[PDB]
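Asker: There's a structure below that I have some questions on.
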Amino acid sequence: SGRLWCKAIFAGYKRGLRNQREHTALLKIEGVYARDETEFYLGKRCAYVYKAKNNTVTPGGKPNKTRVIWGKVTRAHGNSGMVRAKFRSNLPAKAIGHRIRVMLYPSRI
Amino acid sequence: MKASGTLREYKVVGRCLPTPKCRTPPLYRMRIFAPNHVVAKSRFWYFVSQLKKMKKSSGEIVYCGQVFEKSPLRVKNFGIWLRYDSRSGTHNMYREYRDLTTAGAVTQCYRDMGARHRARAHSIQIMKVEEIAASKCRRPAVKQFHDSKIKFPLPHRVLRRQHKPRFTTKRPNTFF
Amino acid sequence: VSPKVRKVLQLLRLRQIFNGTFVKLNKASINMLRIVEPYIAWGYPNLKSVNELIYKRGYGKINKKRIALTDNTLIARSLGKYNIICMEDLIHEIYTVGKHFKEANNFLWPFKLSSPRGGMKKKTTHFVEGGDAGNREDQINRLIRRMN
Amino acid sequence: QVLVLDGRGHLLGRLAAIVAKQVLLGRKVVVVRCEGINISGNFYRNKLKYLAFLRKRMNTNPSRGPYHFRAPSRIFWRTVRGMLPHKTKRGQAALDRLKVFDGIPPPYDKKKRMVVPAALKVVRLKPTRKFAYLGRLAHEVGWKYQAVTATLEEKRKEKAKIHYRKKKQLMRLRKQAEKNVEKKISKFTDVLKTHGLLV
Amino acid sequence: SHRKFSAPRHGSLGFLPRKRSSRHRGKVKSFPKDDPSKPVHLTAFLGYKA
Amino acid sequence: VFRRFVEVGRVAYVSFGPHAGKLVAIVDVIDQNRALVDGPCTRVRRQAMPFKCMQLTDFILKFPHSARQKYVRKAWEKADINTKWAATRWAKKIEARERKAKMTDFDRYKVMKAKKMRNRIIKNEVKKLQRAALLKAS
Amino acid sequence: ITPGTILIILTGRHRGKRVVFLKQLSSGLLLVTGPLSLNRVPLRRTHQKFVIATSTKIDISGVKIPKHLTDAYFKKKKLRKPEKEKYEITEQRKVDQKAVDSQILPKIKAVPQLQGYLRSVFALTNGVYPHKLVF
RNA sequence: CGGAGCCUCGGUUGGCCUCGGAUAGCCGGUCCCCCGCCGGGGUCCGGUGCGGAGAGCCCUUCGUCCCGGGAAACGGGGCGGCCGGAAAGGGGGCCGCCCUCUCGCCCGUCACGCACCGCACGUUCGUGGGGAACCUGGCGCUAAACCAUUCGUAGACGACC
RNA sequence: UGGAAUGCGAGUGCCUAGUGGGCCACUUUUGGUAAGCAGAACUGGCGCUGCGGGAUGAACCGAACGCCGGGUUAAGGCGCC
Ligand SMILES: [Mg+2]
Ligand SMILES: [Mg+2]
Ligand SMILES: [Mg+2]
Ligand SMILES: [Mg+2]
Ligand SMILES: [Mg+2]
Ligand SMILES: [Mg+2]
Ligand SMILES: [Mg+2]
Ligand SMILES: [Mg+2]
Ligand SMILES: [Mg+2]
Ligand SMILES: [Mg+2]
Ligand SMILES: [Mg+2]
């Protein structure tokens with residue numbers, strides 16, 4: 001067993017300077033620091049994974065405190081490897097600067 | 001005119017529109033250094049207007065075409081005669097450049113005239129461009145490359161890949 | 001917009017930003033284009049531009065409505081009396097400025113183009129100044145590809 | 001986990017900008033030898049800049065700020081604080097992810113220090129330009145522990161030299177060992193050379 | 001406007017705040033700088049104002 | 001202190017640009033920033049090249065400044081620069097890099113096994129050598 | 001993804017296990033085998049979008065896969081609960097596992113160290129980024 | 001100091017245990033020569049687009065079984081002591097032990113394990129932090145602070161002596 | 001051969017509120033040393049109007065507004081905030 005996802009940081013939301021578009025998240029991925037290295041990740045699944053107080057069901061498992069908001073990478077962002085991600089619900093602002101998981105599927109290689 | 005990108009040399013031929021008095025007006029030609037042809041034709045009408053009782057309405061462009069460099073793979077010294085307006089007058093200058101294409105030497109002129117004199121390209125009128133032999137050059141910066149046994153190192157080679165890696169364990173080396 | 005420019009832009013039917021129209025050139029129309037020079041980018045379109053414009057963004061003005069030209073019958077019913085009965089006849093009348101350019105062209109609704117993909121240089125100055133306004137001759141085609 | 005940086009030979013502002021962004025993205029950063037930091041411009045004009053800063057004080061109660069920290073670590077810390085949204089919870093949390101030190105106290109003395117080539121003076125300054133030392137600057141605006149930091153930094157370097165000599169001793173043995181077992185590891189060495197891990 | 005006639009301010013701002021001391025027994029804020037060449041000796045003492 | 005010089009015939013390694021990874025010879029110097037380089041035997045047309053993208057090697061061909069491509073190729077063959085380059089430690093390190101960059105997932109697994117065993121044999125020997133030197137002191 | 005290609009499974013209980021591709025079924029799902037004796041993955045269906053195809057291949061050109069191994073063969077059989085109900089490996093499945101494995105396995109062992117590769121599991125580690133490495 | 005659990009808080013999903021530094025110069029050997037309390041200088045030899053490379057290194061995990069081949073044998077795992085650490089101090093190495101294994105590593109032979117019938121929150125750090133309790137063994141401890149009273153070196157009251 | 005181009009459906013009648021302090025900018029312009037001063041012409045603005053940029057701002061630059069998703073832009077920008 002071992003890790004099967006790439007380490008990403010929830011950098012912030014899509015924004016100008018004084019307007020915030022919370023439906024899109026800007027993700028920084030480890031080792032991706034050019035716009036041309038982001039092509040592998042486009043369309044990949046993203047998962048903000050966290051813990052809460054009340055137990056919740058787990059697919060293929062028994063209830064625990066883990067929770068996840070799913071999303072996927074939609075496009076690159078800027079010249080330095082950032083990608084825009086969209087989630088089934090807008091990410092909470094408390095998650096900025098914290099881990100976002102980037103999966104290896106849907107695989108295109 | 002905005003000296004956008006590398007300029008090109010254009011050969012522009014125009015004339016007065018034929019009239020009953022003169023059924024065949026004489027033809028005039030100009031060497032135009034411009035970004036594209038649409039600009040090239042515009043500057044032609046600006047120059048011939050200054051020299052002749054002519055303008056776009058009472059004349060036509062007979063030929064606009066790019067003049068290609070004849071020896072793009074050979075080093076040459078260029079002499080450029082130009083006049084420009086400063087904040088407080090008009091001046092004539094003679095400048096020299098070392099390049100492979102005459103249009104490259106002219107592009108160097110605009111970037112250089114902007115750097116050393118804050119001259120925007122709308123104030124610069126390139127009068128003449130000639131290829132000059134090494135014996136006839138006047139500028140010490142150009143003449144020092146007329147040396148058959150030229151040699152020199154590259155001291156203090158600055159690191160240009162300064163964010164790959166952004167954080168590193170070893171300090172860079174400037175000697176090579 | 002100054003009163004004279006505003007009237008000339010309505011006569012060209014460019015009542016909205018990034019609206020497009022064909023104009024057949026002559027002393028009457030070239031002098032109108034000079035008045036609205038700061039407000040327009042224009043040039044000479046090639047055959048491919050006329051094709052892609054009318055195919056992707058071609059809408060007829062039928063009964064004062066904007067109808068997508070999804071069928072040849074739409075052209076034939078309105079312009080058939082001038083023997084324009086298919087998209088190719090409509091493209092031919094526009095491109096060659098046929099005898100019925102006026103009718104075939106006014107039949108087309110002003111083309112609603114998108115913002116130029118890749119940006120502009122400077123909308124506030126002429127093309128020859130490194131901007132966008134005025135006559136850029138055949139360079140209009142590069143703009144049309146990025147907006148069509 | 002924690003990005004440890006060496007403050008020696010780095011330009012104050014450039015390092016802070018990179019360090020400020022790292023802690024906003026959630027990374028823990030430790031900067032050591034803040035007295036080794038450099039500032040472009042001659043020393044005197046940099047001293048004047050801080051003496052002007054010292055004049056800024058609430059005329060009616062100087063105890064109410066601004067507070068003029070004299071340690072090179074705190075001067076750098078306040079510089080990084082100037083590149084953060086430090087009046088929001090997000091900015092203060094980022095500011096808590098940075099630790100700043102004069103010299104190299106434990107446990108960072110026995111850990112590898114990274115540099116930031118984009119903030120290195122040798123990379124960013126023409127060699128003819130003058131520059132200032134944050135340590136000399138700080139010492140001359142009221143910092144009181146320049147001599148002690150140097151005295152303790154002199155003891156650490158003597159210990160580091162002993163450690164290095166031991167590392168060189170162990171590498172000399174390693175190269176000798178690779179020669180003694182050259183026959184027993186030949187097959188495994190071709191695998192590495194085949195795939196570039198050994199040139 | 002400027003005050004008509006000059007005069008020194010009353011009191012020294014270097015002794016602020018003018019508050020009750022936190023310590024009843026006077027604290028030695030600075031001992032003499034040690035000189036390693038002198039013989040071992042003490043540098044302070046306590047007495048009572050008779 | 002300087003050992004390598006921008007001079008006519010100097011062979012440089014192109015590090016970045018359209019021709020990155022190739023060898024060219026300095027045919028002439030245009031100005032402080034550009035040279036006229038030629039790569040007849042390495043598939044580079046005669047052209048202007050900034051000194052920034054170059055890296056001087058130790059080879060120096062002999063031909064007159066601005067000599068046309070026939071004689072630049074001629075000198076390249078005489079000095080056999082292509083084999084001399086590939087025999088340098090500089091060239092070998094480039095090859096070692098791209099072998100490792102193109103390693104397959106299975107190849108990565110085989111290296112881990114070979115590395116794992118080689119690292120154990122060496123470490124065991126180093127322990128014995130450490131013990132050996134201890135007795136000499138004792 | 002060509003027959004005999006080694007795929008890395010990304011999801012399910014078998015995630016990270018390297019398996020052997022056999023063929024694509026009529027529904028577009030892939031047929032793979034562990035083989036069961038190397039990584040404990042049986043004749044199993046998997047989705048192509050949820051695997052990473054490596055560059056390592058074996059020639060199973062001469063392997064005869066049974067024609068009754070179809071989508072309907074692998075489709076789950078519903079189990080009714082009124083306690084639970086447990087899936088039971090049918091005897092036909094075990095027979096089919098040996099039929100296919102007995103041919104593929106010798107071909108695996110021809111390639112040196114390949115069997116050990118199929119026993120190992122894929123994982124991402126420090127400094128290893130998927131976009132950089134060839135599979 | 002040496003058991004089950006129950007609440008609650010979160011984040012995380014291998015480790016790098018270190019010369020000093022120069023940058024118009026560096027790094028490693030060589031000690032054969034000169035100095036010093038094994039280290040410094042010189043000479044000599046090697047590397048220098050750093051390969052004694054952070055563009056790096058270390059670790060690498062499916063488990064077990066049978067029997068072979070390489071590698072170990074100076075070996076792995078497990079209770080007593082001595083050097084060593086203070087800027088914000090080491091669950092490192094080493095000497096003994098009575099023990100405990102020839103399995104750990106690499107390549108093979110031989111089969112097995114819920115093979116849960118395509119699918120998410122998997123995979124550590126984790127005997128994590130904090131809180132109540134319940135045990136269950138051993139070795140240990142039996143204080144102060146504030147009020148009240150008194151003082152007047154203090155004092156609007158508090159405070160202070 | 002509805003006799004230039006272009007565009008556009010027009011004509012017409014009753015009843016009618018509020019307003020009748022304005023102010024700002026390019027150009028032109030009177031008085032004044034000048035004024036964020038007083039007085040004019042033209043157009044456009046603010047007033048009545050949000051929105052992106054000019055850190056901040058009635059008027060500047062861009063652009064005008066039903067409630068949304070995706071894409072692209074303007075004027076402006078891209079060390080960090
Ligand atoms: Mg784009
Ligand atoms: Mg304007
Ligand atoms: Mg003080
Ligand atoms: Mg006075
Ligand atoms: Mg967890
Ligand atoms: Mg006024
Ligand atoms: Mg009002
Ligand atoms: Mg209005
Ligand atoms: Mg408005
Ligand atoms: Mg401003
Ligand atoms: Mg939008």
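Just remember, in the structure tokens the first chain shown is A, the second B, etc., residues are 1-based per chain, and ligands are 1-based in the order shown.
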Hey, which residues come within 12 Å of ligand 3 if we count only C-alpha atoms (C1' of nucleotides) and all ligand atoms? Could you give them as a ChimeraX atom specification?
Answerer: /D:54,63,67-70,141-144 /E:14
Asker: Put those residues in a file: N, CA and C atoms, as a PDB file, in the first residue's frame.
Answerer:
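Final output, saved to result_23.pdb:
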ATOM      1  N   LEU D  54      12.722  55.044  12.685  1.00  0.00           N
ATOM      2  CA  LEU D  54      12.744  55.223  14.131  1.00  0.00           C
ATOM      3  C   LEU D  54      12.024  56.494  14.548  1.00  0.00           C
ATOM      4  N   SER D  63       4.459  54.781  23.358  1.00  0.00           N
ATOM      5  CA  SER D  63       4.290  53.391  23.756  1.00  0.00           C
ATOM      6  C   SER D  63       3.227  52.670  22.946  1.00  0.00           C
ATOM      7  N   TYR D  67       6.280  49.888  16.854  1.00  0.00           N
ATOM      8  CA  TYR D  67       7.366  49.301  17.618  1.00  0.00           C
ATOM      9  C   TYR D  67       8.528  49.031  16.680  1.00  0.00           C
ATOM     10  N   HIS D  68       9.703  49.526  17.044  1.00  0.00           N
ATOM     11  CA  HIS D  68      10.875  49.476  16.179  1.00  0.00           C
ATOM     12  C   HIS D  68      11.802  48.385  16.700  1.00  0.00           C
ATOM     13  N   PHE D  69      11.630  47.179  16.174  1.00  0.00           N
ATOM     14  CA  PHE D  69      12.442  46.052  16.601  1.00  0.00           C
ATOM     15  C   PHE D  69      13.852  46.170  16.043  1.00  0.00           C
ATOM     16  N   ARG D  70      14.835  45.848  16.879  1.00  0.00           N
ATOM     17  CA  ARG D  70      16.235  46.058  16.551  1.00  0.00           C
ATOM     18  C   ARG D  70      16.970  44.780  16.179  1.00  0.00           C
ATOM     19  N   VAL D 141      21.502  50.309  15.351  1.00  0.00           N
ATOM     20  CA  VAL D 141      20.237  50.955  15.665  1.00  0.00           C
ATOM     21  C   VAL D 141      19.704  50.391  16.973  1.00  0.00           C
ATOM     22  N   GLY D 142      20.583  49.812  17.784  1.00  0.00           N
ATOM     23  CA  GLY D 142      20.237  49.407  19.133  1.00  0.00           C
ATOM     24  C   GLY D 142      20.247  47.919  19.401  1.00  0.00           C
ATOM     25  N   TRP D 143      20.582  47.057  18.448  1.00  0.00           N
ATOM     26  CA  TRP D 143      20.660  45.634  18.741  1.00  0.00           C
ATOM     27  C   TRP D 143      21.837  45.361  19.664  1.00  0.00           C
ATOM     28  N   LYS D 144      21.609  44.516  20.664  1.00  0.00           N
ATOM     29  CA  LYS D 144      22.539  44.353  21.768  1.00  0.00           C
ATOM     30  C   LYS D 144      23.283  43.030  21.761  1.00  0.00           C
TER      31      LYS D 144
ATOM     32  N   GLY E  14      12.253  61.292  31.461  1.00  0.00           N
ATOM     33  CA  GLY E  14      13.051  60.096  31.607  1.00  0.00           C
ATOM     34  C   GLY E  14      12.792  59.308  32.863  1.00  0.00           C
TER      35      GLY E  14
END
Asker: 8 Å from ligand 4 is the threshold here; counting only C-alpha atoms (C1' of nucleotides) and all ligand atoms, which polymer residues fall inside it? Answer as number ranges by chain.
Answerer: E: 2-6
Asker: Could you give me, as JSON, numbers by chain, the residues within 8 Å of residue 31 in chain B, counting only C-alpha atoms (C1' of nucleotides) and dropping anything in the same chain fewer than 4 positions from it?
Answerer: {"B": [9, 10, 11, 12]}
Asker: Residues of the last selection are to be written out with N, CA and C atoms, as an mmCIF file, in the first residue's frame.
Answerer:
data_model
loop_
_atom_site.group_PDB
_atom_site.id
_atom_site.type_symbol
_atom_site.label_atom_id
_atom_site.label_comp_id
_atom_site.auth_asym_id
_atom_site.auth_seq_id
_atom_site.Cartn_x
_atom_site.Cartn_y
_atom_site.Cartn_z
ATOM 1 N N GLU B 9 11.978 45.968 -44.027
ATOM 2 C CA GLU B 9 12.230 46.946 -45.074
ATOM 3 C C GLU B 9 11.248 46.721 -46.212
ATOM 4 N N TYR B 10 10.582 47.789 -46.628
ATOM 5 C CA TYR B 10 9.590 47.738 -47.687
ATOM 6 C C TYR B 10 10.005 48.668 -48.812
ATOM 7 N N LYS B 11 9.742 48.243 -50.039
ATOM 8 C CA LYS B 11 9.927 49.074 -51.221
ATOM 9 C C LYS B 11 8.546 49.534 -51.664
ATOM 10 N N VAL B 12 8.286 50.832 -51.552
ATOM 11 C CA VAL B 12 6.981 51.400 -51.855
ATOM 12 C C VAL B 12 7.136 52.338 -53.041
#
Asker: Could you tell me, as a PyMOL selection string, which residues of chain C DSSP assigns to alpha helix (DSSP H) when given the backbone?
Answerer: chain C and resi 3-11+27-35+47-57+72-79+87-95+101-107+140-147
Asker: Residues up to 10 Å from ligand 6, counting only C-alpha atoms (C1' of nucleotides) and all ligand atoms: could you list those as JSON, numbers by chain?
Answerer: {"I": [23, 24, 37, 38, 39, 40]}
Asker: Give as a list in words the residues surrounding ligand 10 up to a distance of 12 Å, considering only C-alpha atoms (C1' of nucleotides) and all ligand atoms.
Answerer: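 The residues near ligand 10 are residues 53, 54, 55, 56, 57 and 60 of chain I.
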Asker: Compile the residues of chain D that lie within 12 Å of chain I, evaluated using only C-alpha atoms (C1' of nucleotides), and express the compilation as a PyMOL selection string.
Answerer: chain D and resi 13-24+79-88+91+118-119
Asker: Take the selection from the previous step and output its residues with N, CA, C and O atoms, as an mmCIF file, in the first residue's frame.
Answerer:
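This is the output file part_35.cif:
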data_model
loop_
_atom_site.group_PDB
_atom_site.id
_atom_site.type_symbol
_atom_site.label_atom_id
_atom_site.label_comp_id
_atom_site.auth_asym_id
_atom_site.auth_seq_id
_atom_site.Cartn_x
_atom_site.Cartn_y
_atom_site.Cartn_z
ATOM 1 N N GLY D 13 14.261 42.018 0.945
ATOM 2 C CA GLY D 13 12.927 42.075 0.369
ATOM 3 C C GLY D 13 12.584 40.860 -0.466
ATOM 4 O O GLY D 13 11.463 40.356 -0.407
ATOM 5 N N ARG D 14 13.529 40.390 -1.277
ATOM 6 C CA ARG D 14 13.237 39.273 -2.163
ATOM 7 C C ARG D 14 12.964 38.003 -1.371
ATOM 8 O O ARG D 14 12.051 37.241 -1.704
ATOM 9 N N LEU D 15 13.742 37.760 -0.319
ATOM 10 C CA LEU D 15 13.493 36.596 0.519
ATOM 11 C C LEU D 15 12.136 36.691 1.197
ATOM 12 O O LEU D 15 11.417 35.694 1.302
ATOM 13 N N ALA D 16 11.768 37.877 1.675
ATOM 14 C CA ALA D 16 10.488 38.021 2.357
ATOM 15 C C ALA D 16 9.327 37.726 1.422
ATOM 16 O O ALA D 16 8.357 37.075 1.817
ATOM 17 N N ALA D 17 9.405 38.199 0.178
ATOM 18 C CA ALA D 17 8.320 37.962 -0.764
ATOM 19 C C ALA D 17 8.117 36.475 -1.000
ATOM 20 O O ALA D 17 6.982 35.990 -1.014
ATOM 21 N N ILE D 18 9.208 35.731 -1.181
ATOM 22 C CA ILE D 18 9.101 34.290 -1.369
ATOM 23 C C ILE D 18 8.663 33.614 -0.077
ATOM 24 O O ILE D 18 7.851 32.686 -0.091
ATOM 25 N N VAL D 19 9.206 34.055 1.054
ATOM 26 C CA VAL D 19 8.854 33.453 2.334
ATOM 27 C C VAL D 19 7.408 33.763 2.688
ATOM 28 O O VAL D 19 6.712 32.939 3.285
ATOM 29 N N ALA D 20 6.942 34.963 2.345
ATOM 30 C CA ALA D 20 5.560 35.331 2.629
ATOM 31 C C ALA D 20 4.579 34.466 1.849
ATOM 32 O O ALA D 20 3.538 34.070 2.376
ATOM 33 N N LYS D 21 4.875 34.183 0.582
ATOM 34 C CA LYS D 21 3.974 33.352 -0.207
ATOM 35 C C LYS D 21 3.971 31.913 0.286
ATOM 36 O O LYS D 21 2.939 31.238 0.240
ATOM 37 N N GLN D 22 5.120 31.415 0.737
ATOM 38 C CA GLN D 22 5.186 30.031 1.185
ATOM 39 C C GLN D 22 4.314 29.802 2.410
ATOM 40 O O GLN D 22 3.641 28.775 2.511
ATOM 41 N N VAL D 23 4.324 30.735 3.360
ATOM 42 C CA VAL D 23 3.524 30.547 4.562
ATOM 43 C C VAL D 23 2.049 30.825 4.318
ATOM 44 O O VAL D 23 1.207 30.351 5.088
ATOM 45 N N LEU D 24 1.706 31.581 3.273
ATOM 46 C CA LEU D 24 0.301 31.741 2.914
ATOM 47 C C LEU D 24 -0.262 30.474 2.296
ATOM 48 O O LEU D 24 -1.448 30.180 2.467
ATOM 49 N N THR D 79 9.363 42.593 8.059
ATOM 50 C CA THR D 79 9.338 42.734 6.609
ATOM 51 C C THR D 79 8.415 41.702 5.972
ATOM 52 O O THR D 79 7.653 42.028 5.058
ATOM 53 N N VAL D 80 8.464 40.455 6.439
ATOM 54 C CA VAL D 80 7.537 39.448 5.933
ATOM 55 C C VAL D 80 6.113 39.791 6.338
ATOM 56 O O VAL D 80 5.166 39.562 5.580
ATOM 57 N N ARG D 81 5.931 40.326 7.546
ATOM 58 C CA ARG D 81 4.604 40.739 7.977
ATOM 59 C C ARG D 81 4.048 41.847 7.103
ATOM 60 O O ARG D 81 2.828 42.015 7.039
ATOM 61 N N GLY D 82 4.906 42.610 6.438
ATOM 62 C CA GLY D 82 4.446 43.658 5.551
ATOM 63 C C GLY D 82 3.965 43.176 4.208
ATOM 64 O O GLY D 82 3.392 43.959 3.451
ATOM 65 N N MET D 83 4.176 41.899 3.901
ATOM 66 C CA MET D 83 3.759 41.304 2.642
ATOM 67 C C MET D 83 2.636 40.295 2.833
ATOM 68 O O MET D 83 2.408 39.457 1.961
ATOM 69 N N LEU D 84 1.929 40.367 3.951
ATOM 70 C CA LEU D 84 0.852 39.458 4.303
ATOM 71 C C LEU D 84 -0.381 40.254 4.689
ATOM 72 O O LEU D 84 -0.275 41.407 5.118
ATOM 73 N N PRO D 85 -1.566 39.673 4.551
ATOM 74 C CA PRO D 85 -2.779 40.336 5.066
ATOM 75 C C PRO D 85 -2.956 40.064 6.555
ATOM 76 O O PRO D 85 -3.844 39.343 6.996
ATOM 77 N N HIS D 86 -2.086 40.668 7.357
ATOM 78 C CA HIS D 86 -1.892 40.243 8.736
ATOM 79 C C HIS D 86 -2.967 40.738 9.687
ATOM 80 O O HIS D 86 -2.893 40.431 10.878
ATOM 81 N N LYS D 87 -3.961 41.479 9.211
ATOM 82 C CA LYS D 87 -5.084 41.881 10.041
ATOM 83 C C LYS D 87 -6.284 40.967 9.869
ATOM 84 O O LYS D 87 -7.342 41.237 10.441
ATOM 85 N N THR D 88 -6.147 39.897 9.098
ATOM 86 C CA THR D 88 -7.165 38.871 8.967
ATOM 87 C C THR D 88 -6.668 37.586 9.609
ATOM 88 O O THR D 88 -5.468 37.381 9.785
ATOM 89 N N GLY D 91 -4.121 35.783 7.483
ATOM 90 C CA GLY D 91 -2.769 36.313 7.489
ATOM 91 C C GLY D 91 -2.022 36.019 8.773
ATOM 92 O O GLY D 91 -0.816 35.769 8.752
ATOM 93 N N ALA D 118 16.638 32.842 -6.155
ATOM 94 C CA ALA D 118 15.994 34.049 -6.651
ATOM 95 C C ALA D 118 16.181 35.228 -5.710
ATOM 96 O O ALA D 118 15.992 36.372 -6.128
ATOM 97 N N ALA D 119 16.553 34.979 -4.458
ATOM 98 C CA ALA D 119 16.805 36.033 -3.491
ATOM 99 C C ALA D 119 18.274 36.159 -3.123
ATOM 100 O O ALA D 119 18.610 36.962 -2.251
#
Asker: Could you please tell me, as a list in words, which residues of chain C have an atom within 6 Å of chain I when using only C-alpha atoms (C1' of nucleotides)?
Answerer: residues 11, 28, 115 and 117 of chain C
Asker: Using only C-alpha atoms, what table do you get, as a Markdown table, when you list each residue of chain B with an atom no more than 12 Å from chain A, its nearest pair of atoms, and their distance in Å rounded to one decimal, rows by chain then rising number?
Answerer:
| residue | atom | partner | partner_atom | distance |
| --- | --- | --- | --- | --- |
| B:163 | CA | A:33 | CA | 9.0 |
| B:164 | CA | A:33 | CA | 8.5 |
| B:165 | CA | A:33 | CA | 9.8 |
| B:166 | CA | A:33 | CA | 9.9 |
Asker: Specify as a PyMOL selection string all residues of chain H found within 10 Å of chain D, counting only C-alpha atoms (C1' of nucleotides).
Answerer: chain H and resi 16-20+23+28-29+51-52+54+70-71+87-89+106
Asker: Grab the CA of residue 94 in chain A to CA of residue 8 in chain A distance for me, in Å with one decimal place.
Answerer: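 Answer for the CA of residue 94 in chain A to CA of residue 8 in chain A separation: 15.5 Å.
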Asker: Using only C-alpha atoms (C1' of nucleotides), which protein or nucleic acid residues come within 12 Å of residue 30 in chain C? Drop anything in the same chain fewer than 3 positions from it, and give the result as JSON, numbers by chain.
Answerer: {"B": [57], "C": [8, 12, 23, 24, 25, 26, 27, 33, 34, 35, 36, 37, 42, 43, 134, 135], "I": [5, 6]}
Asker: Would you mind exporting C-alpha atoms (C1' of nucleotides) of the selected residues as a PDB file, in the first residue's frame?
Answerer:
ATOM      1  CA  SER B  57      -6.239  61.138 -52.016  1.00  0.00           C
TER       2      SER B  57
ATOM      3  CA  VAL C   8     -23.358  57.049 -38.804  1.00  0.00           C
ATOM      4  CA  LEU C  12     -24.008  51.069 -40.753  1.00  0.00           C
ATOM      5  CA  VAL C  23     -20.181  47.513 -46.724  1.00  0.00           C
ATOM      6  CA  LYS C  24     -19.722  48.012 -50.456  1.00  0.00           C
ATOM      7  CA  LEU C  25     -17.142  50.723 -50.986  1.00  0.00           C
ATOM      8  CA  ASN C  26     -17.551  53.998 -52.868  1.00  0.00           C
ATOM      9  CA  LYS C  27     -17.070  57.700 -52.250  1.00  0.00           C
ATOM     10  CA  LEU C  33     -16.253  55.185 -42.523  1.00  0.00           C
ATOM     11  CA  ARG C  34     -13.839  58.068 -41.985  1.00  0.00           C
ATOM     12  CA  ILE C  35     -16.255  59.730 -39.568  1.00  0.00           C
ATOM     13  CA  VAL C  36     -16.585  56.626 -37.389  1.00  0.00           C
ATOM     14  CA  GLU C  37     -12.882  55.845 -37.713  1.00  0.00           C
ATOM     15  CA  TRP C  42     -12.556  47.544 -40.868  1.00  0.00           C
ATOM     16  CA  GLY C  43     -10.732  46.057 -43.802  1.00  0.00           C
ATOM     17  CA  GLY C 134      -9.453  52.425 -38.658  1.00  0.00           C
ATOM     18  CA  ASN C 135      -8.597  50.591 -41.849  1.00  0.00           C
TER      19      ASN C 135
ATOM     20  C1'   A I   5     -25.296  55.955 -51.143  1.00  0.00           C
ATOM     21  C1'   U I   6     -26.856  54.034 -46.605  1.00  0.00           C
TER      22        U I   6
END
Asker: Go through the chains and note each residue within 9 Å of ligand 2, using only C-alpha atoms (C1' of nucleotides) and all ligand atoms, then give the set as a PyMOL selection string.
Answerer: (chain C and resi 124) or (chain I and resi 26+61)
Asker: Restricting it to N, CA and C atoms (P, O5', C5', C4', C3', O3' and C1' of nucleotides), dump the selection as a PDB file, in the first residue's frame.
Answerer:
ATOM      1  N   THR C 124      -8.049  52.285 -28.567  1.00  0.00           N
ATOM      2  CA  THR C 124      -8.204  53.729 -28.534  1.00  0.00           C
ATOM      3  C   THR C 124      -7.330  54.455 -29.548  1.00  0.00           C
TER       4      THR C 124
ATOM      5  P     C I  26     -10.247  69.976 -19.322  1.00  0.00           P
ATOM      6  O5'   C I  26     -10.327  69.415 -20.809  1.00  0.00           O
ATOM      7  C5'   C I  26      -9.632  68.234 -21.176  1.00  0.00           C
ATOM      8  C4'   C I  26      -9.798  67.917 -22.640  1.00  0.00           C
ATOM      9  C3'   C I  26      -9.623  69.075 -23.604  1.00  0.00           C
ATOM     10  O3'   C I  26      -8.267  69.400 -23.855  1.00  0.00           O
ATOM     11  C1'   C I  26     -11.541  67.844 -24.200  1.00  0.00           C
ATOM     12  P     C I  61     -12.281  60.158 -19.961  1.00  0.00           P
ATOM     13  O5'   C I  61     -11.719  58.679 -19.966  1.00  0.00           O
ATOM     14  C5'   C I  61     -10.390  58.420 -20.378  1.00  0.00           C
ATOM     15  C4'   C I  61      -9.981  57.008 -20.070  1.00  0.00           C
ATOM     16  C3'   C I  61     -10.929  55.914 -20.518  1.00  0.00           C
ATOM     17  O3'   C I  61     -10.862  55.631 -21.901  1.00  0.00           O
ATOM     18  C1'   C I  61     -10.276  55.493 -18.315  1.00  0.00           C
TER      19        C I  61
END
Asker: Produce a table with one row for each residue of chain A that has an atom at most 10 Å from any atom of ligand 5, each row naming the nearest atom pair and its distance in Å at one decimal; use only C-alpha atoms and all ligand atoms; arrange rows by chain and rising residue number; format as a tab-separated table.
Answerer:
residue	atom	partner	partner_atom_place_in_ligand_line	distance
A:49	CA	ligand 5	1 (Mg)	8.8
A:50	CA	ligand 5	1 (Mg)	8.1
A:51	CA	ligand 5	1 (Mg)	8.1
A:65	CA	ligand 5	1 (Mg)	9.3
A:66	CA	ligand 5	1 (Mg)	7.5
